[PDB]
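Spelled out from the first residue to the last, the chains are:
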Amino acid sequence: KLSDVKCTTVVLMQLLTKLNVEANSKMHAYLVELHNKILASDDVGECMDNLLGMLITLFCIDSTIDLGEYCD
Amino acid sequence: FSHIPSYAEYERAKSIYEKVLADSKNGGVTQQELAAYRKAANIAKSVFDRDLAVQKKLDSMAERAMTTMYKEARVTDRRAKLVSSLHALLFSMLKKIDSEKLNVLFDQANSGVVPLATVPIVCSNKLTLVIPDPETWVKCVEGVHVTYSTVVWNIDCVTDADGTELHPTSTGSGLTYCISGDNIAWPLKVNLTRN
Amino acid sequence: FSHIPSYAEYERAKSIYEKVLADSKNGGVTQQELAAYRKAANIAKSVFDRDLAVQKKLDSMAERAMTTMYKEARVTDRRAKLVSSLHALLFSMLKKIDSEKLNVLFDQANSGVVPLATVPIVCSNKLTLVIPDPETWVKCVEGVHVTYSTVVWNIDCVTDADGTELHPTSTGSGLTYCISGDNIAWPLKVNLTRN
Amino acid sequence: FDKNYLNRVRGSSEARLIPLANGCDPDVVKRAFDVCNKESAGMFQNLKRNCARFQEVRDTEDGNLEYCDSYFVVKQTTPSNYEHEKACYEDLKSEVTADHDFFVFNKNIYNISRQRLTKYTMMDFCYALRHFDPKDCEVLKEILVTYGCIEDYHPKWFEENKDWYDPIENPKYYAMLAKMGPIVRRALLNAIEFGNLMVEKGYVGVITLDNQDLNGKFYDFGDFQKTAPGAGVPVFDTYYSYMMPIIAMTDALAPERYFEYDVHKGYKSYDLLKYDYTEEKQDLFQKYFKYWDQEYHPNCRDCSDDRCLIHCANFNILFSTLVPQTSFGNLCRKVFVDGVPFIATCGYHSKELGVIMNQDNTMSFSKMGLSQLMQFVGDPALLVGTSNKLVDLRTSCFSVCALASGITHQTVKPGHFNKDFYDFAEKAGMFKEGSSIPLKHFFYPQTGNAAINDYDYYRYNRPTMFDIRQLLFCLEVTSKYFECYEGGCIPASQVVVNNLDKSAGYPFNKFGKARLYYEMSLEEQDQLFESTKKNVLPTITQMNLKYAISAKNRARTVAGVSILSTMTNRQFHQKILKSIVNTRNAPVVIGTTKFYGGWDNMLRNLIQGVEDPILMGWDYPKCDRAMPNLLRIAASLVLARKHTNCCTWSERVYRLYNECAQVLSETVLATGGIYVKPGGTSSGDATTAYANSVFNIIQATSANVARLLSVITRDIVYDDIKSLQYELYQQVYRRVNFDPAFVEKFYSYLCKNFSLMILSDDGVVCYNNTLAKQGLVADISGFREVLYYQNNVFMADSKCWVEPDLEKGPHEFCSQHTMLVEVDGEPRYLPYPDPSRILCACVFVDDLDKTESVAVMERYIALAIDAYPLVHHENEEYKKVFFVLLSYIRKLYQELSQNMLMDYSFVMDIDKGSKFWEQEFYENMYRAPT
RNA sequence: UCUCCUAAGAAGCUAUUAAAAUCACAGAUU
RNA sequence: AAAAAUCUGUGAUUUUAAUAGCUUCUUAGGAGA
Ligand SMILES: [Zn+2]
Ligand SMILES: [Zn+2]
């Protein structure tokens, strides 16, 4: 189950980079910190919280229309 | 299939040679005709060195070229739809992770409460939410505390779309804002902070 | 295949043999002349094959020479283009040397030699300064004039990492730059200018 | 106990004392010595039994006794030596001599009382700072505490600060040591004064460090023999040669600096256009090292051979910490182009070597060809001279200019996710809870500032001296390893380029790659290289980030050395490089193949011949950043030692100043700014691996010489090494020209035991354990001590291993574990990677194209070749790491064949003509050829 | 005086296998 | 905008060596017109 988070975080970071988050020199550093902490950890308890923190930023950058599809 | 006929003629020549050599038991002394048959069969066989070689080379070249074309046509199609592919992959992966936390977060996001989309998120201790309707407001907040994610946040200031700033209502239990929902317009912008 | 002259001789020998072997049947088999015709045709075929092989082997030299000359032409063209580009770059970077300052820098040199590290320190008129933290900005900027070494500098602009621009805030004593806010992304690249 | 003896020892000093011994009996203490006589030789640590010691005490203002460090030592000796020392002290009464006092306490006891000596002499300080171990560190803490070198000291300070001994993790370290500078400066000056006094009074004898009390006063005269007044021969050949590294580890000569630098307010007023400091290094040398009995040429122009060059460069490295930093680098001159003035180089001024002037000079140019234009453009002297000054406080390295485009930030990108294989692996059962193959080796991004944050790690490179005697003998022994290789210069037409489509550095990379610049007519490449032997051609260097799988989170960088460097360094070095690559069964492993039964040959050749073997290994923390400059110069000279006939000495000096100016002191161009590289090897420089290997051999030989010299030769059981150790000290210190008849013998001893296997930075050694137990060979703890003062790093034991059981093979060499498996009926070693790496290089890919599995089928065929030996592994969870790859290649081929039918074609011939998804193709890659 | 078969030397042409060299792509290590 | 080297696979061109075969001149052995 840990590998699932460690593999979802990389694709999430790829999506955020494709969304042109590198323009901000403050948000990018915080996101990189979260991503590195998720990758370098072992306890899924911390990885899940850090992944949720990363995901909170996704809505702010771009209100993805697909937000209503994952529910079902 | 154009190469098979050469194989058929070679086999026919070999069979004829076998038949003539088996029937011609006297060929041991009269080996002239036996040698002639052997040489004719050999000439029939020799066609392979040319026909099979050319066929194999041409087929290999054509297959290489066509495979390269197919690989290019596949990689270009893969690259054509990058961002939508990334979204689909991310959602398919999130579906795999069984965690009620992310499900609750996504349900709340679909409800109508999301970051303000401006003043980008920069720290782990601040947010800015929008609460569309009184129903989700009552569902989420409780007096001074709100729970957007699994964590509990503390409210600092509340603003209305017109810019007027709201204030809490005195009550024995504690500060409250619910009554103001039915008397003021929507939506409300709430500046949170980590607890 | 028919381009080589020997092919015509081979065809002529074929025709002669075919005609003679049929014309000589009046006297019977006549093995004495049949063997001579066979040997003549065999020699003709051998000579034709040898000449064809020699010509085919010699053919590739023309292609090799053409490739060599084409490569030489392309390499000389690329050399010409590269030389033009290098000349343009040199004459572009050599256009902004103020001869006036160079006429005084070498006046004080130890026999007309000055280490390269001290050319911009005595000739330039703008100092690009980079500050990575408020703890350094407070200790270096010193209001609006930055003093480095012995000279006194001014400030022309202040640019952050994002690429935006900070602006001064007027006060009673004079202009100042607002630092230590949470909305400025470090480092700050300050473009000074000599007094 | 007796009180009369103490009362007499008190003398007229009028000071309090407390006995330490129980009476007239002597006292036993552990002190370092420097002994060389007809029976022993070395820097050993032996017990002292000839002296009784009393401690002075004083009354504090608070009324409590303070146990000051002033000691009274009362040595006891025979009447003959008593009279001899009395007569010697009759002279040499100067202020630099500790106050003696001669008396006889009883009819049989003779005393030579020395008053107010400090506890530890100079030799104890030098020895403790040299042979440093973090579990017996009292001798150094008791010195640092007393002389106030830790300003914030409070009781049990060392308990809270657990990493006070780590040079690269305690930022205050060097600032903690620098407060010892005055003591060493005083020691040197007092040594010179005492030498002058001895010469005047006419005494010939040997002076060593243990003679000098820490206050700086000499305190015993047993060995001195008188001679004619006015003619004396003091010898300090081993006083200076042992403390040489500590004069630059503690910044002894700091008060001599010619400039004052404040990190925020810049240099104070000083002379800005002076470059020739040749007339001041000589004065400093005569002021401090007056009694050094060898010549010293400030400029390395005049040096006679590649040994005097090292000897003088060692001194220049110390004396160049005082010259202002804006004085080194390229010189320049004013010339004209058709009447338009500009700047062009006219020499070079290097920290380690000295001033060099070009042999050709011109003051006009027109119709310039391609070679001259390239020389002008690539030379930094025209770019740095026409651009704005730069001052950035993010880095400690000097910053000389900023390009027109300004400073710009560059980031790194994350790695893609190859789900098409992750799902298949999960279906096969690779990823499950409690697995023995956790995921590691991810793709790590970096923020904006990484480009310079990583380059800032050059602050670990500091100017370090070497003790020239030991370093020179170690160099002579190391050069013996490279005695069976070809060497020389080759013409242009014979050069060979591995790959031609690669960047040509700055600014050439704008117009094309190396292919375009290699089209120059050979008559021009030859002219360029030949003119490099009579000129110095400085060039710019880029610093570009790297992007590859790595477990460590830190970024990486590689230097893109410009084409004007490689184009000539290839012609210079390629012959010996290709001779190193084409040799087998030698300490250098570069060029040997891991496949086809090559690994077993290397391992069974390393182990053969050594009695009682016990392998080991070591790791250099930050080798690239922290490599001292002198060792890089030594490696370059060791590789250039093979030009006996093709080049003269002067050309071999100009070539070394070209290599130094192009690699060791680059004008780095990192992130829109031009800096000055402090030192250390650049990864992208030509012949980096071979220079690293030579440096490794030098370090491994020093780690053995130092340990072999520091043992009590009186107590060596073996009668063959008991004489080799004695001869080694005399051959190293008490002689000037090395003796090959002994270098060969010592190299034979060092190759019979302590075998070696080296590849750039990696290494392994199987050393005779019986000797290493007795201290006669450098075991693991014998490398940390040498790295402490020859590399300025602490080699933590967590980075080293030891494998006494040979049958299990090396723990890890070249990042591949070793295992023993029967092949063809015999036991042979096989390598096998870390399965996590193989498993996590298929899931993550560095480009979007590679995520399409069908298009890169060859990636898995190349990955399954290297992961085969995991089939033999006992752990059942590792065989899947290979069978899954086989099944995946089969699946890829089947999918491609089925999918290609949409084009109305059949690939059945090639499909069934594939042997790659079977075990036979790979199994034959680890079998010795017939 | 000529002709058929057989063995060898030599000249040319076909293919199959193995090694070397040049060119292109891809992995691993320092 | 992506450095200096070593090793190993796959594909394309050339030469060499061997195997099999074809055509030809010469010599030698067996016999035939
Ligand atoms: Zn010298
Ligand atoms: Zn040479």
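Rules and cut-offs
- Residues numbered from 1 in each chain as written, not as in the entry; some residues may be left out.
- Chains lettered and ligands numbered in written order.
- Heavy atoms only, no water.
- Helix = DSSP H or I, 4+ residues; strand = E, 2+ residues; numbered from the N terminus.
- Buried < 20%, exposed > 50% of the residue type's maximum accessible area, 1.4 Å probe, protein only.
- Areas by Shrake-Rupley, 256 points an atom, 1.4 Å probe, with all protein chains shown as cover.
- Rg over C-alpha atoms; globule rule 2.2 N^0.38 Å.
- Contact = heavy atoms within 4.5 Å.
- Buried area = accessible area lost by both parts, 1.4 Å probe.
- Salt bridge = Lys/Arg side-chain N within 4 Å of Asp/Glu carboxyl O.
- Polar contact = N/O pair within 3.5 Å; in protein donor to acceptor, adjacent residues only side chain to side chain.
- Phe/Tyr/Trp six-rings, centres within 6.5 Å; stacked < 30°, edge-to-face > 60°.
- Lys NZ or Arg CZ within 6 Å of the ring centre and 35° of its normal.
- Donors = N, O, S within 2.8 Å, 3.2 Å for Na, K, Ca; no water.
- Tetrahedral: all angles 85-135°; square planar, octahedral: opposite > 155°, others 65-115°.
- Near = heavy atom within 4 Å.
- Nonpolar A, V, L, I, M, F, W, Y, C, P; charged D, E, K, R; others polar.
- Domains from an automatic or database assignment.
- Core = buried A, V, L, I, M, F, W, Y, C linked by side-chain atoms within 4.5 Å.

Per the deposited record, cryo-EM is how this structure was determined, to a resolution of 3.50 Å.

(A) Looking closely at the overall build of chain B. Within chain B, the secondary structure is distributed over 5 helices and 6 strands. Along chain B, from the amino end to the carboxyl end, the secondary structure elements read α-α-α-α-β-α-β-β-β-β-β. Expressed as lengths along the three principal axes of its C-alpha atoms, the size of chain B is roughly 130 × 30 × 30 Å. Looking at chain B residue by residue over its 195 residues, the buried ones come to 27%. Total accessible area on chain B stands at roughly 12,800 Å², and carbon and sulfur atoms take up 56% of it.

(B) Just the overall build of chain D, in detail. Helix and strand content of chain D: 31 helices and 33 strands. Its C-alpha atoms give chain D a radius of gyration of 32 Å, near enough to 30 Å, the size a compact globule of 930 residues would have. Projected onto the principal axes, the alpha-carbon positions of chain D cover approximately 120 × 80 × 60 Å. Relative to its full complement of 930 residues, chain D shows a buried share of 59%. The long-range fraction of contacts in chain D, counting pairs at least 24 apart against all pairs at least 6 apart in sequence, stands at 73%. Accessible surface, chain D: about 39,000 Å² in total, of which carbon and sulfur atoms supply 47%.

(C) Expanded view of the interface of chain A and chain D. In this complex, chain A contributes 15 residues to the contact, which on the side of chain D involves 16 residues. Carbon and sulfur atoms supply 64% of the area that chain A and chain D bury against each other, a total of about 1,500 Å² over both sides. At the junction of chain A and chain D, the tally comes to 0 salt bridges. The tally of links between chain A and chain D comes to 2 residue pairs in polar contact. Only α1 (2-18) and α2 (27-40) of chain A provide two or more residues apiece to the side of chain A that touches chain D. Considering every element that reaches the side of chain A that touches chain D, the biggest residue donor is α1 of chain A, with 8 residues.

(D) Expanded view of the packing of aromatic side chains. In this structure the tally under the stated criterion is 82 aromatic pairs over all chains. A centroid spacing of 5.0 Å and a plane angle of 40 degrees characterise the contact between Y165 of chain D and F794 of chain D, whose relative ring orientation is tilted. Here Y165 of chain D is found in the loop between α5 (157-160) and α6 (173-177), whereas its partner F794 of chain D is found in the loop between α26 (781-790) and β30 (802-803), with 629 residues between them in sequence. In terms of burial, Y165 of chain D and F794 of chain D fall into one category: buried. Note on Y457 of chain D and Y460 of chain D: the rings are 5.9 Å apart at their centroids and 25 degrees apart in plane angle, and the pair reads as stacked. Since its relative accessible area comes to 23%, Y457 of chain D is described here as partly exposed. Put simply, the rings of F236, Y239, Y240, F285, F289, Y291, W292, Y296, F315 and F319 of chain D touch in pairs and so form one group of aromatic residues. The ring of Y10 of chain C has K14 of chain C sitting right over it, with the charged end atom 4.4 Å from the ring centre.

(E) How the structure looks around the arrangement of the chains. Here 5 pairs of chains make contact, and the pair sharing the most contacts is chains C and D. Regarding chain B and chain C, which are not in contact, the minimum distance between any of their C-alpha atoms is 9 Å.

(F) Structural context of the coordination of the zinc ion (ligand 1). Residue and element names in this part refer to chain D. All of the protein donors around the zinc ion (ligand 1) are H297 (ND1), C303 (SG), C308 (SG) and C312 (SG); their distances to the metal are 2.1 to 2.3 Å. Coordination at the zinc ion (ligand 1) comes from 4 donor atoms whose angles at the metal span 103 to 116 degrees, giving a geometry best classed as tetrahedral. Between consecutive donors of the zinc ion (ligand 1), the numbers of intervening residues give the motif H-x5-C-x4-C-x3-C. Taken individually, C303 and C308 each receive the classification buried, so the pair is uniform in this respect.

(G) Quick peek at the protein's contact with RNA strand F. Around RNA strand F sit 30 residues in total, of which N42 of chain B together with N498, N509, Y596 and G684 of chain D are the nearest. Here the atoms of RNA strand F within 4 Å of the protein split so that 89% fall in sugar or phosphate, with bases taking the remainder. In this structure, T687 of chain D approaches RNA strand F through a main-chain N or O atom, which is 3.4 Å from a sugar or linking oxygen. Between RNA strand F and the protein, one listed contact pairs a sugar or linking oxygen with a side-chain N or O atom of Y690 of chain D at 3.2 Å. Broken down by element, the residue count for the surface near RNA strand F peaks at 5 residues, all from helix α2 (residues 31-80) of chain B. Class assignment for the residues of the surface near RNA strand F results in 10 nonpolar, 12 polar and 8 charged.

(H) Highlighting the domain arrangement of chain D. Examined at the domain level, chain D breaks down into domain 1 (3-237) and domain 2 (826-926). A straight line from the C-alpha centre of domain 1 of chain D to that of domain 2 of chain D covers 71 Å.

(I) Molecular detail of the protein's contact with RNA strand E. Around RNA strand E there are 19 residues in total, and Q32 of chain B, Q32 of chain C together with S760, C814 and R837 of chain D lie nearest to it. When atoms of RNA strand E within 4 Å of the protein are sorted by moiety, sugar and phosphate together comprise 96%. Separating a sugar or linking oxygen of RNA strand E from a side-chain N or O atom of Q32 of chain B is a distance of 2.5 Å. Within the side chain of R837 of chain D, a nitrogen or oxygen atom sits 2.5 Å from a phosphate oxygen of RNA strand E. With 5 residues, helix α2 (residues 31-93) of chain C is the single largest residue contributor to the surface near RNA strand E. Among the residues making up the surface near RNA strand E, the classes are represented as 5 nonpolar, 4 polar and 10 charged.

(J) Structural detail: the coordination of the zinc ion (ligand 2). Residues and elements named next belong to chain D. The coordination sphere of the zinc ion (ligand 2), as far as protein atoms go, consists of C489 (SG), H643 (ND1), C646 (SG) and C647 (SG), spread over 2.1 to 2.3 Å. All donors of the zinc ion (ligand 2) belong to a single chain; written as a sequence motif, their spacing is C-x153-H-x2-C-C. We classify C646 as partly exposed; its relative accessible area is 33%.

(K) A look at the nonpolar core. By size, the foremost hydrophobic cluster in this structure holds 168 residues, and its most contacted members are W164, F194, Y240, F289 and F746 of chain D. Top element by residues in this core is helix α22 (residues 688-709) of chain D. It accounts for 12 residues. Those residues in contact with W164 of chain D that sit more than four places away from it in its chain are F132, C137, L140, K141, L144, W157, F158, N170, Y173 and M176 of chain D. Core analysis: the next-biggest nonpolar cluster, separate from the first, contains 61 residues, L86 of chain B together with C842, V871 and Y893 of chain D among them.

(L) Looking closely at the environment of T568 of chain D. Residues and elements named next belong to chain D. Positionally, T568 belongs in helix α17 (residues 563-581). Accessibility expressed as a relative area gives 1% for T568, which makes it buried. Here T568 is in contact with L528, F529, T532 and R655, once residues within four sequence places are set aside. A polar contact of 3.4 Å, which involves the side chain of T568, links it to the backbone oxygen of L564.

(M) Quick look at unusual backbone geometry. For the bond running from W186 of chain B to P187 of chain B, omega is 0 degrees, close enough to zero to count as cis. With respect to the element layout, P187 of chain B can be found in the loop between β5 (165-166) and β6 (188-194). Here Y506 of chain D and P507 of chain D are connected by a cis peptide whose omega angle stands at -5 degrees. Of note in the backbone geometry, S180 of chain C takes a positive phi value of approximately 85 degrees without being a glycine. As for its position among the elements, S180 of chain C is in the loop between β5 (176-177) and β6 (188-194). For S180 of chain C, a relative accessible area of 56% corresponds to the exposed category. Despite not being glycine, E14 of chain D has its phi angle at roughly 55 degrees, a positive value. With respect to the helices and strands, the residue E14 of chain D is situated in the loop between α1 (3-10) and β1 (16-19). Residue class for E14 of chain D comes out exposed when judged on its relative accessible area of 76%.

(N) Structural detail: the pattern of salt bridges. The full count for this structure, using the stated rule, is 44 salt bridges over all chains. One salt bridge in this structure joins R79 of chain B and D849 of chain D, with 2.4 Å as the shortest N-O distance. Of this pair, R79 of chain B sits in helix α2 while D849 of chain D sits in the loop between β33 (844-845) and α28 (857-866), on two different chains. Residue classification places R79 of chain B among the partly exposed residues on the basis of a relative accessible area of 44%. Judged by relative accessible area, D849 of chain D falls into the partly exposed class, the value being 28%.

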